[PDB]
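Asker: need a 3D model of the following:
(2 chains, ligands or ions: 1)
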Amino acid sequence: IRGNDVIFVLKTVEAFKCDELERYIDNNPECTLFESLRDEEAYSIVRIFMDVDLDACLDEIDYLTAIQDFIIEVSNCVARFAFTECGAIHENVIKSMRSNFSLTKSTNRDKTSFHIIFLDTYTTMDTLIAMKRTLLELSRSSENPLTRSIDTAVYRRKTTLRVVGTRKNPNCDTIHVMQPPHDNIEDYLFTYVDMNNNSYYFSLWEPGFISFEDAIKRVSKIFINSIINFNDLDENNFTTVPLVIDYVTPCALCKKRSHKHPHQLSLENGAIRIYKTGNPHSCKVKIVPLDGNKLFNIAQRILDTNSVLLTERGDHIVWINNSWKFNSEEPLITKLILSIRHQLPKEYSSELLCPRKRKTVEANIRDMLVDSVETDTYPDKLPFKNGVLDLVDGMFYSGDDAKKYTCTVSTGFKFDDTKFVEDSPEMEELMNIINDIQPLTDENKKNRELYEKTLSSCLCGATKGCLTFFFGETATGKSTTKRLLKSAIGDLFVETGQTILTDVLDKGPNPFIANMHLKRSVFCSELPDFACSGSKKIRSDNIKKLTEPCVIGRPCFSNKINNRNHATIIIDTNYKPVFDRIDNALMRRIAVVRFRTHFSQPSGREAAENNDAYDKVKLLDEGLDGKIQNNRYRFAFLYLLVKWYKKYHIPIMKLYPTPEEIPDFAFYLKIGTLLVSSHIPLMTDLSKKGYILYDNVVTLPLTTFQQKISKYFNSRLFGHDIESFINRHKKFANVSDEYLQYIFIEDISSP
Amino acid sequence: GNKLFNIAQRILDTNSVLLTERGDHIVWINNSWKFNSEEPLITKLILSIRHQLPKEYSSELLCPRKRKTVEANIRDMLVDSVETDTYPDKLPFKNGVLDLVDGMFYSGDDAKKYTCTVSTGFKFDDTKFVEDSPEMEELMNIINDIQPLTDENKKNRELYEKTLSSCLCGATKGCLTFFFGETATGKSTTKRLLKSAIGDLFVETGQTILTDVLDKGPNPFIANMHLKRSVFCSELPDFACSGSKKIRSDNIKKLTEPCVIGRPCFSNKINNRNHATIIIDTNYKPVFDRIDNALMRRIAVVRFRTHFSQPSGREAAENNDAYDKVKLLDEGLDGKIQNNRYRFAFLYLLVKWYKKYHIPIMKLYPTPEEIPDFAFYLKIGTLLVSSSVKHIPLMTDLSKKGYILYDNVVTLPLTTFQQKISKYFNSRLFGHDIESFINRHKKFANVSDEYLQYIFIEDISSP
Ligand SMILES: [Zn+2]
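Answerer: Numbering: from 1, shown residues only, chains lettered A, B, ... in the order given. Pasting the structure now:
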């Protein structure tokens, strides 16, 4: 659509532009033109507009407060309707609606009418048609005289709206005068679509009220004083007889001792309006409802601010003090009900001070929350205690903006821009520490890049399909890297023991199984070396099961077993891992990060001078570990992590395994590179080489195979591995021995 | 007269709340039978079905102490129980029900009749549930790659299609299919496609219950499956690993039974219904601790011959007898599986296979010929025959061929039978199996005499 600059009008027809309409209006002040839609189907996208009419006069203060509350209520209700039905964003709609709006007026001083248009919000006419019932409920479920007077009509096909500055009728001289700051004729058109940057768009007496006597009693209680002309009002004289009151005490509505004329009660929109006659500003207007609870309307107003949603599992997440809290032990809805009373009208705030009413208006909220939402869906954002830091752009959001993202976890500490710097001595000290841990030589280049990549994945809410191994001799200070990462990433990071590396992953109630829920990094240290006999091999089942994007595990006294998996798993030790089970999936799901830095004191430095444990040796310092424990380089290291993530995270970043540094998998690699599955039309070459083919399957004797492979590989090194491989690929039968099928790649190449 | 009872009667008369055999209530809120017991939904329903009442009645459902009274009346008025999901030829989505008999999807009150609780967890809008979509051709290309349409690949592809189509039929299937390849040669691809297609109903498992004890304990794994239309057990524990566990045949028989006896953790509701297909993805050969004629009827074998490799090792993959055809590895396949792009195309393919095979049923047939070990256990019986009436009249005619006659029955010495069996079977490999088969069929006439009532078919054929 890209907006429309043509305004179609009806004289009781034309298609004029902004300048054309302005010139025509200036030429003819008395012309009556109604702005409508030239074609309903073509340009159904229009602005959001409302028309309000209340036949009474109000002063400046009352009008100001009433219009403020009217904007608040209408914007919240429309944003809630957009969120539930049109799939929009609540915060965006609220911001667009409250940012800028055009408000007209009426030249008549005996009544208050206007047409209000929200400039930046645009939606299809079908959406405004569907909003009919919701807006009618809002109109009939409020106390504000402006909100109660909303005309739900004008939401029909091919509707028309009276243009500003033109008389509605030739006989009626009253016209609507524009108000600051718009002052332009294009700012009061409900079809003038002007989509731009700061904008948003979305799309898909009746007896039945109450007994008369109770209404009369309510009116009398409002008047406080007794009615002089009592026992005279009935069904017929409801809006005819004046209400004469004795001025025993000053009027509750006006606070004055007396007035020139009595009051009068009228019926409108299922409510009773009490107003004085003669001078209009002598007494205010009193509104009396005729249906609905008072505790249900409060629940609706608290609900349609989108602050008490429920999760996809069944937990009600509330928004208190700029953070999405939630607890399943002491539910927080009553805290929210108490703390939100300031954003509610005067009559709705005194109710939320009795604890027996903040349980009624809370049962209502729980009964109105049907269907769920999804939490922590955007993985490129880091939730801090006072907001959300964006990673792709680096901009920080605080306050209601962070509400847009259902961040159910947090790092635990606030975000400070002063410490968040680039050129600081702490940054240089951290860079020196990292260089000491990771020398930047060309030999280390690839390993250092893998280090930076696997260390920067901690700022990702997505799931990763690899498990990097920190392999390095002692005194390499991997604990320093662990401490720096913990200080940078807050309480999201978790350190776990080897309990998951040996036992069954799910099995029974495992605390680390549930703790992997939404934690962004899991670290294991000092692995139980399986080189010595007795220690269990690294459970291949657990490693395979930890890679999936889901976690299945239920702790003691619980039933939930589904957890979202975001943690990057890192294992650090000085011993090569040993896994009893081996398959191609394992060979494609293991990465190794090598450490070649020795941090040793001078006393043993000579002992480390010729040591083969590390490719370099340098003096250590006991005064650094405490510094890392004191969150010294926290924000500089966080900046480094952000830079690494930016330089590494392409539109799709993946953890690539490195199956070359693991000594155990080298045997399988050598076997595969020298022997694979056995090619029918190559019998002559096999016969020349000595091998024979029988029953369409080339075979050799088991003793012959052992003799052939004796020289190719060291039998004493991996005799158990060779026996296990033979058992796995065993075939048996045939001739007078077992059957072994393979191709000697080294012999296959040689003719 | 007592408006709070008229409201309860009116809400009850729309059949929105039902009582189940398990003791809980199911309500029809938001186009889904929200079976739940933690936070009862009867008050949510009472608030929801509120405009569908006269104006005088509808203004009293705004007080929680009156929604609770209406709930009490409903609970006291229910009384009797109705069964849960029973229709097998249906597919419930969180946006309605799809009838696979005619492939017609619809929601609302028309979907209320089928009390289908468990759903797929998403919505179906027939966006691309058609045959003219190019996505159908894109998925069919991968199907041809994994399963070639070669005329030689007829029985294998037929079993593949049947085992996939059985994932939608909600009855009890009495056959287990084994996926036998070399190393993830499209098995993971098919598993991901099946998971994307249906979802929710799919369950993934590895070993565990398939090998351990399936009863006699609080074992929750067996009770975890319930009304799930597909259970997929991958990574069999490679029986030939010098101590690897052996899968019990009784566990297999229990899995293929219409009912499952499994005690949930700290619960007394042992009985469970079976609506799942047992599919096993295995890299090595299947070896069982005990094989009997009963197990012959419960095994189906599906093979793969195309391996997913890359041009980096294309030559290495081409020189392996495991793979019959090789294609370059894809990286966008992971993205497509992650974003569920091929949902509707794969659902349409499954529905078409269902229509093709359901004539008028989708029965599964075991195929034990592909299993290597199972061959001898039946060939031993095939190579011989129990003595019959016709063989009984042989008398000395059979004895002239080295046999003996006892109790008007042809029988041979144990050593002679052992020599005859070893002359046509792998004695070293199946020595224990041969001994067990002899012992089961052994006939004892005395302490020293051990003569079996079996005669080799070769002697019978030879005149
Ligand atoms: Zn007054």
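Asker: who's in contact with residue A:353?
Answerer: A:338, A:341 (CB atoms under 8 Å, 6 or more residues apart in numbering or on different chains). All C-beta atoms are positioned from the backbone trio N, CA, C, and that covers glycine.
Asker: now the residue of the stretch 301-450 of chain A found nearest chain B. Its backbone dihedrals?
Answerer: Distance from chain B to each residue of the stretch 301-450 of chain A (CB to the nearest CB) is smallest for residue A:363, at 4.3 Å. Reported as degrees, to the nearest 10, the phi and psi values for residue A:363 are phi -60, psi -40.
Asker: try residue A:535
Answerer: With angles defined as degrees, to the nearest 10, residue A:535 sits at phi -70, psi 140.
Asker: residues contacting it?
Answerer: For residue A:535, the contact set (CB under 8 Å, 6+ apart) comprises A:528, A:529.
Asker: picking up where we left off before, quick one: contacts for the residue of the stretch 301-450 of chain A closest to chain B?
Answerer: Residue A:363 sits next to residue B:64 when contact means CB under 8 Å, 6+ apart.
Asker: same question for residue A:294.
Answerer: Residue A:294 touches A:348, A:351, counting by CB under 8 Å, 6+ apart.
Asker: which element is the residue in the stretch 201-350 of chain A that chain B sits nearest to on?
Answerer: Closest residue of the stretch 201-350 of chain A to chain B, CB to the nearest CB: residue A:208 (4.1 Å). Assigning secondary structure by DSSP states H and E places residue A:208 outside every helix and strand.
Asker: for chain A, longest strand please?
Answerer: If you go by DSSP state E, chain A has its longest strand at strand A:112-124.
Asker: that one packs against which elements?
Answerer: Secondary-structure packing of strand A:112-124 (3 or more CB pairs under 8 Å, 6 or more residues apart in numbering or on different chains; DSSP states H and E): strand A:45-54, helix A:90-99, strand A:101-103, strand A:200-202.
Asker: now the angle from it to strand A:45-54?
Answerer: The directions of strand A:112-124 and strand A:45-54 differ by 160 degrees, with axes from the mean of the first three to the mean of the last three CA atoms, to 10 degrees as the criterion.
Asker: distance from strand A:112-124 to the middle of the chain?
Answerer: On the basis of CA atoms, centre = their mean, to the nearest Å, strand A:112-124 sits 29 Å off its chain's mean C-alpha point.
Asker: what's whichever helix or strand comes after that strand in contact with?
Answerer: The helix or strand immediately downstream of strand A:112-124 is helix A:125-130, counting by DSSP H and E. Helix A:125-130 is contacted from outside by A:37, A:40, A:44, A:46, A:48, A:85-86, A:155-157, A:202-204, using CB under 8 Å, 6+ apart.
Asker: now residue A:529: closest residue in space that isn't a chain neighbour?
Answerer: Take residue A:529 and drop its neighbours on the chain: the residue closest to it by CB to CB, 6 or more residues apart in numbering or on different chains is residue A:575, 3.6 Å away.
Asker: and for residue A:713?
Answerer: Nearest to residue A:713 is residue A:670, by CB to CB, 6+ apart, at 6.9 Å.
Asker: cool, residue A:696 as well?
Answerer: Excluding the flanking residues, the one nearest residue A:696 by CB to CB, 6+ apart is residue A:680, at 6.7 Å.
Asker: wait, that neighbour sits on residue A:695?
Answerer: No: counting by CB atoms under 8 Å, residue A:695 is not a contact partner of residue A:680; they are 11.8 Å apart.
Asker: partner strands of the longest strand of chain A and their direction?
Answerer: In the sheet, strand A:112-124 lines up against strand A:45-54 (antiparallel), strand A:101-103 (antiparallel), strand A:200-202 (parallel) (DSSP bridges).
Asker: could you give the angle of it to helix A:90-99?
Answerer: Taking the same axes, to 10 degrees, strand A:112-124 and helix A:90-99 form an angle of 140 degrees between their directions.
Asker: what's the distance between the spatially closest residue to residue A:156 that is not a sequence neighbour and the ion?
Answerer: Nearest residue to residue A:156, sequence neighbours excluded (CB to CB, 6+ apart): residue A:129, at 7.3 Å. Residue A:129 sits 41 Å away from the ion, going by CB to the ion, to the nearest Å.
Asker: what does residue A:742 give?
Answerer: Distance of residue A:742 to the ion, given as CB to the ion: 104 Å.
Asker: tell me how far the ends of stretch A:561-570 are from each other?
Answerer: For stretch A:561-570, the separation between the terminal residues is 23 Å (CA to CA, to the nearest Å).
Asker: next: stretch A:40-60.
Answerer: 39 Å.
Asker: tell me how far it is from the chain's mean position?
Answerer: Averaging C-alpha positions (CA atoms, centre = their mean) puts stretch A:40-60 33 Å from its chain's average.
Asker: and if you look at stretch A:264-276?
Answerer: Using CA atoms, centre = their mean, the offset of stretch A:264-276 from its chain centre is 46 Å.
Asker: check which residues of it are buried.
Answerer: For stretch A:264-276, a neighbour-count test (16 or more other CB atoms under 10 Å in any protein chain shown) marks A:265, A:267, A:270, A:271, A:272, A:273, A:274, A:275, A:276 as buried.
Asker: try stretch A:437-445
Answerer: Buried residues in stretch A:437-445, defined by neighbour count with 16+ other CB under 10 Å: A:437, A:438, A:439, A:444.
Asker: then stretch A:393-411?
Answerer: Using 16+ other CB under 10 Å as the test for burial, stretch A:393-411 gives A:396, A:397, A:402, A:403, A:404, A:405, A:406, A:407, A:408, A:409, A:410, A:411.
Asker: excluding its backbone neighbours, what's nearest the fifth one?
Answerer: The reference is to residue A:404. Using CB to CB, 6+ apart and skipping the chain neighbours, the partner closest in space to residue A:404 is residue A:91 (4.8 Å).
Asker: run through who's touching the top helix by length along chain A.
Answerer: Secondary structure of chain A per DSSP state H: the longest helix is helix A:60-81. Contact with helix A:60-81 is made by A:48, A:50, A:52, A:58, A:88, A:90-91, A:93-94, A:97-98, A:101, A:103, A:112, A:121, A:131, A:134-135, A:138, A:142, A:144-147, A:284, A:301, A:303-306, A:343, A:345, as judged by CB under 8 Å, 6+ apart.
Asker: gap between the residue most central in space within chain A and residue A:457?
Answerer: Geometric centre of chain A, nearest residue: residue A:405, 2.6 Å, by CA atoms, centre = their mean. Per CB to CB, to the nearest Å, residue A:405 is found 20 Å from residue A:457.
Asker: circling back: for residue A:345, see how far away the residue nearest to residue A:156 is.
Answerer: Remark: distance between residue A:129 and residue A:345 (CB to CB) = 29 Å.
Asker: got it, and residue A:5?
Answerer: According to CB to CB, residue A:5 stands 40 Å off from residue A:345.
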